[PDB]
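A short worksheet on the structure shown next.
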Amino acid sequence: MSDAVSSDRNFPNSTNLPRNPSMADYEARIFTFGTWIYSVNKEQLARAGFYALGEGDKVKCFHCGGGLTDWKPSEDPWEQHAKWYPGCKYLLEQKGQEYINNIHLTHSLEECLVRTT
Ligand SMILES: CN[C@@H](C)C(=O)N[C@H](C(=O)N1CCC[C@H]1C(=O)N[C@@H]1CCCc2ccccc21)C(C)(C)C
Ligand SMILES: [Zn+2]
């Protein structure tokens, strides 16, 4: 009888809120990165599974590990992390192992644009 302790009922105690993305996720993550920028909105980068450690740029992956630093102009987090170390929970779960595997094998994205501009 695996009772576990996660999915049962709401209101854990009082402080533990449901989630509130635009309160402790979007602004929280970004707040750790800073107004500074490089490619896309730091929030997008964080959504994939990234979080700054106070210092600008220096950001590490969640759970899967692997610290990323010195990003490259115009780059997505999904493909980036997936290549360096494809082992994220939400990432793999999102588009399944099939999608993650596809990335780590051949070039993807940046296609179907009339005629490469
Ligand atoms: C172009 N793609 C970019 C993101 C990229 O590969 N950057 C590379 C990069 O950051 N790499 C290479 C493998 C390991 C990783 C790296 O140096 N990571 C450093 C190592 C020291 C500790 C630490 C802590 C928090 C965040 C990053 C790191 C590097 C520029 C150092 C070659
Ligand atoms: Zn990761």
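Convention: chains lettered A, B, ... in structure tokens order; per-chain residue numbering from 1; ligands numbered from 1 as shown.
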Please identify which residues in range 50-102 of chain A DSSP calls alpha helix (DSSP H) from the backbone, and express them as an MDAnalysis selection string. chainID A and resid 77:84 89:102
Kindly export the residues of the current selection with N, CA and C atoms, as a PDB file, in the first residue's frame.
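Final output, result34.pdb:
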ATOM      1  N   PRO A  77      17.538  26.648 -24.505  1.00  0.00           N
ATOM      2  CA  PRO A  77      17.949  25.807 -23.376  1.00  0.00           C
ATOM      3  C   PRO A  77      17.634  24.329 -23.596  1.00  0.00           C
ATOM      4  N   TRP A  78      16.503  24.056 -24.249  1.00  0.00           N
ATOM      5  CA  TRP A  78      16.078  22.687 -24.524  1.00  0.00           C
ATOM      6  C   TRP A  78      17.154  21.913 -25.278  1.00  0.00           C
ATOM      7  N   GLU A  79      17.582  22.459 -26.410  1.00  0.00           N
ATOM      8  CA  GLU A  79      18.599  21.817 -27.234  1.00  0.00           C
ATOM      9  C   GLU A  79      19.973  21.852 -26.566  1.00  0.00           C
ATOM     10  N   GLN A  80      20.304  22.979 -25.938  1.00  0.00           N
ATOM     11  CA  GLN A  80      21.598  23.135 -25.278  1.00  0.00           C
ATOM     12  C   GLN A  80      21.830  22.062 -24.215  1.00  0.00           C
ATOM     13  N   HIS A  81      21.032  22.096 -23.150  1.00  0.00           N
ATOM     14  CA  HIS A  81      21.165  21.131 -22.060  1.00  0.00           C
ATOM     15  C   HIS A  81      21.025  19.695 -22.560  1.00  0.00           C
ATOM     16  N   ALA A  82      20.086  19.470 -23.476  1.00  0.00           N
ATOM     17  CA  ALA A  82      19.850  18.136 -24.025  1.00  0.00           C
ATOM     18  C   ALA A  82      21.111  17.531 -24.645  1.00  0.00           C
ATOM     19  N   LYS A  83      21.952  18.369 -25.243  1.00  0.00           N
ATOM     20  CA  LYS A  83      23.178  17.894 -25.878  1.00  0.00           C
ATOM     21  C   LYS A  83      24.288  17.645 -24.857  1.00  0.00           C
ATOM     22  N   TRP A  84      24.511  18.614 -23.973  1.00  0.00           N
ATOM     23  CA  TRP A  84      25.558  18.500 -22.959  1.00  0.00           C
ATOM     24  C   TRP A  84      25.296  17.340 -21.999  1.00  0.00           C
ATOM     25  N   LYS A  89      14.368  16.082 -15.570  1.00  0.00           N
ATOM     26  CA  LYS A  89      13.064  15.488 -15.294  1.00  0.00           C
ATOM     27  C   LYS A  89      11.972  16.092 -16.175  1.00  0.00           C
ATOM     28  N   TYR A  90      11.663  17.363 -15.939  1.00  0.00           N
ATOM     29  CA  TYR A  90      10.629  18.057 -16.702  1.00  0.00           C
ATOM     30  C   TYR A  90      10.944  18.066 -18.198  1.00  0.00           C
ATOM     31  N   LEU A  91      12.214  18.263 -18.536  1.00  0.00           N
ATOM     32  CA  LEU A  91      12.640  18.308 -19.932  1.00  0.00           C
ATOM     33  C   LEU A  91      12.283  17.012 -20.662  1.00  0.00           C
ATOM     34  N   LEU A  92      12.793  15.890 -20.165  1.00  0.00           N
ATOM     35  CA  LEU A  92      12.527  14.591 -20.780  1.00  0.00           C
ATOM     36  C   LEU A  92      11.038  14.264 -20.758  1.00  0.00           C
ATOM     37  N   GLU A  93      10.402  14.526 -19.627  1.00  0.00           N
ATOM     38  CA  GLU A  93       8.976  14.251 -19.461  1.00  0.00           C
ATOM     39  C   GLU A  93       8.111  15.066 -20.427  1.00  0.00           C
ATOM     40  N   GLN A  94       8.539  16.290 -20.740  1.00  0.00           N
ATOM     41  CA  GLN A  94       7.780  17.161 -21.637  1.00  0.00           C
ATOM     42  C   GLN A  94       7.530  16.509 -22.996  1.00  0.00           C
ATOM     43  N   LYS A  95       8.590  16.345 -23.791  1.00  0.00           N
ATOM     44  CA  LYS A  95       8.469  15.740 -25.121  1.00  0.00           C
ATOM     45  C   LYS A  95       8.989  14.293 -25.158  1.00  0.00           C
ATOM     46  N   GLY A  96       8.946  13.607 -24.013  1.00  0.00           N
ATOM     47  CA  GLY A  96       9.388  12.225 -23.945  1.00  0.00           C
ATOM     48  C   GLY A  96      10.840  12.003 -24.336  1.00  0.00           C
ATOM     49  N   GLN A  97      11.338  10.819 -24.000  1.00  0.00           N
ATOM     50  CA  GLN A  97      12.705  10.442 -24.325  1.00  0.00           C
ATOM     51  C   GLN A  97      12.939  10.497 -25.835  1.00  0.00           C
ATOM     52  N   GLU A  98      11.890  10.234 -26.623  1.00  0.00           N
ATOM     53  CA  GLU A  98      11.998  10.258 -28.076  1.00  0.00           C
ATOM     54  C   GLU A  98      12.497  11.612 -28.576  1.00  0.00           C
ATOM     55  N   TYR A  99      11.887  12.695 -28.097  1.00  0.00           N
ATOM     56  CA  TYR A  99      12.293  14.030 -28.522  1.00  0.00           C
ATOM     57  C   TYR A  99      13.717  14.342 -28.076  1.00  0.00           C
ATOM     58  N   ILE A 100      14.030  14.037 -26.820  1.00  0.00           N
ATOM     59  CA  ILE A 100      15.371  14.305 -26.296  1.00  0.00           C
ATOM     60  C   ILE A 100      16.436  13.552 -27.093  1.00  0.00           C
ATOM     61  N   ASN A 101      16.148  12.297 -27.424  1.00  0.00           N
ATOM     62  CA  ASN A 101      17.078  11.472 -28.187  1.00  0.00           C
ATOM     63  C   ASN A 101      17.316  12.054 -29.577  1.00  0.00           C
ATOM     64  N   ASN A 102      16.246  12.542 -30.205  1.00  0.00           N
ATOM     65  CA  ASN A 102      16.340  13.128 -31.539  1.00  0.00           C
ATOM     66  C   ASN A 102      17.335  14.284 -31.554  1.00  0.00           C
TER      67      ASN A 102
END
Give the residues close to ligand 2, within 8 Å, counting only C-alpha atoms and all ligand atoms; write them as a PyMOL selection string. chain A and resi 49-50+61-66+81-82+85-89+91
Selection to disk with N, CA and C atoms, as a compact mmCIF listing (two decimals), in the first residue's frame:
# COMPACT_ATOMS: atom_id res chain seq x y z
N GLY A 49 14.79 24.61 -17.18
CA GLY A 49 15.36 23.97 -16.01
C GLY A 49 16.68 24.59 -15.61
N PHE A 50 16.69 25.92 -15.45
CA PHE A 50 17.90 26.64 -15.08
C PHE A 50 17.62 27.64 -13.95
N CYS A 61 21.87 23.70 -13.99
CA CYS A 61 20.65 22.95 -14.30
C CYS A 61 20.04 22.38 -13.02
N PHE A 62 18.73 22.12 -13.06
CA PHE A 62 18.03 21.57 -11.90
C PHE A 62 17.95 20.04 -11.97
N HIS A 63 18.34 19.40 -10.87
CA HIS A 63 18.31 17.93 -10.75
C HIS A 63 19.38 17.25 -11.61
N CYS A 64 19.25 17.35 -12.93
CA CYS A 64 20.19 16.73 -13.86
C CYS A 64 21.64 17.17 -13.59
N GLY A 65 21.83 18.39 -13.08
CA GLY A 65 23.17 18.87 -12.79
C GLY A 65 23.82 19.54 -13.98
N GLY A 66 25.14 19.69 -13.93
CA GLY A 66 25.85 20.33 -15.01
C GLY A 66 25.67 21.83 -15.00
N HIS A 81 21.03 22.10 -23.15
CA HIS A 81 21.16 21.13 -22.06
C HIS A 81 21.03 19.69 -22.56
N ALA A 82 20.09 19.47 -23.48
CA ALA A 82 19.85 18.14 -24.03
C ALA A 82 21.11 17.53 -24.65
N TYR A 85 24.06 17.24 -21.52
CA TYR A 85 23.69 16.18 -20.58
C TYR A 85 22.17 15.99 -20.55
N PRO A 86 21.61 15.14 -21.44
CA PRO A 86 20.16 14.90 -21.48
C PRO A 86 19.69 14.04 -20.31
N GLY A 87 19.39 14.69 -19.19
CA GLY A 87 18.92 13.96 -18.02
C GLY A 87 18.05 14.80 -17.10
N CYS A 88 17.24 15.70 -17.68
CA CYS A 88 16.36 16.54 -16.88
C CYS A 88 15.00 15.88 -16.72
N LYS A 89 14.37 16.08 -15.57
CA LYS A 89 13.06 15.49 -15.29
C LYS A 89 11.97 16.09 -16.17
N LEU A 91 12.21 18.26 -18.54
CA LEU A 91 12.64 18.31 -19.93
C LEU A 91 12.28 17.01 -20.66
Interface rows for chain A against ligand 1: nearest pair, Å to one decimal, 9 Å, only C-alpha atoms and all ligand atoms, as CSV:
residue,atom,partner,partner_atom_place_in_ligand_line,distance
A:52,CA,ligand 1,25 (C),8.7
A:53,CA,ligand 1,25 (C),8.0
A:57,CA,ligand 1,26 (C),8.0
A:58,CA,ligand 1,26 (C),4.7
A:59,CA,ligand 1,26 (C),5.2
A:60,CA,ligand 1,26 (C),5.4
A:61,CA,ligand 1,26 (C),8.7
A:66,CA,ligand 1,14 (C),7.0
A:67,CA,ligand 1,26 (C),3.6
A:68,CA,ligand 1,27 (C),4.3
A:69,CA,ligand 1,10 (O),3.7
A:70,CA,ligand 1,30 (C),4.9
A:71,CA,ligand 1,4 (C),4.0
A:72,CA,ligand 1,1 (C),4.8
A:73,CA,ligand 1,1 (C),8.5
A:75,CA,ligand 1,2 (N),8.4
A:80,CA,ligand 1,4 (C),7.2
A:81,CA,ligand 1,4 (C),8.6
A:84,CA,ligand 1,13 (C),7.8
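Across the model, the gap from CA of residue 19 in chain A to CA of residue 41 in chain A is 20.9 Å.
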Report as a ChimeraX atom specification: the residues of chain A with a DSSP assignment of strand (DSSP E), based on the backbone of this structure. /A:50-52,59-61,67-68
Contacts of range 32-39 of chain A at 6 Å (only C-alpha atoms; same-chain gap of 2+ positions) as an mmCIF file with N, CA, C and O atoms, in the first residue's frame:
data_model
loop_
_atom_site.group_PDB
_atom_site.id
_atom_site.type_symbol
_atom_site.label_atom_id
_atom_site.label_comp_id
_atom_site.auth_asym_id
_atom_site.auth_seq_id
_atom_site.Cartn_x
_atom_site.Cartn_y
_atom_site.Cartn_z
ATOM 1 N N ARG A 29 13.167 33.433 -10.845
ATOM 2 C CA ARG A 29 14.281 32.983 -11.674
ATOM 3 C C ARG A 29 15.035 34.176 -12.235
ATOM 4 O O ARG A 29 16.226 34.336 -11.985
ATOM 5 N N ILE A 30 14.316 35.009 -12.983
ATOM 6 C CA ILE A 30 14.870 36.214 -13.584
ATOM 7 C C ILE A 30 15.620 37.060 -12.564
ATOM 8 O O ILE A 30 16.712 37.552 -12.842
ATOM 9 N N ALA A 52 19.950 30.839 -11.724
ATOM 10 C CA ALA A 52 21.197 31.540 -11.438
ATOM 11 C C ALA A 52 21.542 31.430 -9.957
ATOM 12 O O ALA A 52 20.651 31.362 -9.111
ATOM 13 N N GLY A 54 23.014 33.686 -8.019
ATOM 14 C CA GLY A 54 23.356 35.004 -7.518
ATOM 15 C C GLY A 54 24.222 35.778 -8.487
ATOM 16 O O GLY A 54 23.862 36.874 -8.916
ATOM 17 N N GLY A 56 25.895 36.877 -11.918
ATOM 18 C CA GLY A 56 25.404 36.935 -13.281
ATOM 19 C C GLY A 56 26.024 35.870 -14.163
ATOM 20 O O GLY A 56 27.174 35.482 -13.959
ATOM 21 N N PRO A 73 25.284 33.663 -28.264
ATOM 22 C CA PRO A 73 24.198 34.476 -28.831
ATOM 23 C C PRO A 73 23.213 33.634 -29.637
ATOM 24 O O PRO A 73 23.611 32.847 -30.496
ATOM 25 N N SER A 74 21.926 33.798 -29.346
ATOM 26 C CA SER A 74 20.885 33.045 -30.034
ATOM 27 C C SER A 74 21.047 31.550 -29.776
ATOM 28 O O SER A 74 21.726 30.851 -30.527
#
Interatomic distance between CA of residue 26 in chain A and CA of residue 40 in chain A?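 That distance, rounded to one decimal, is 13.7 Å.
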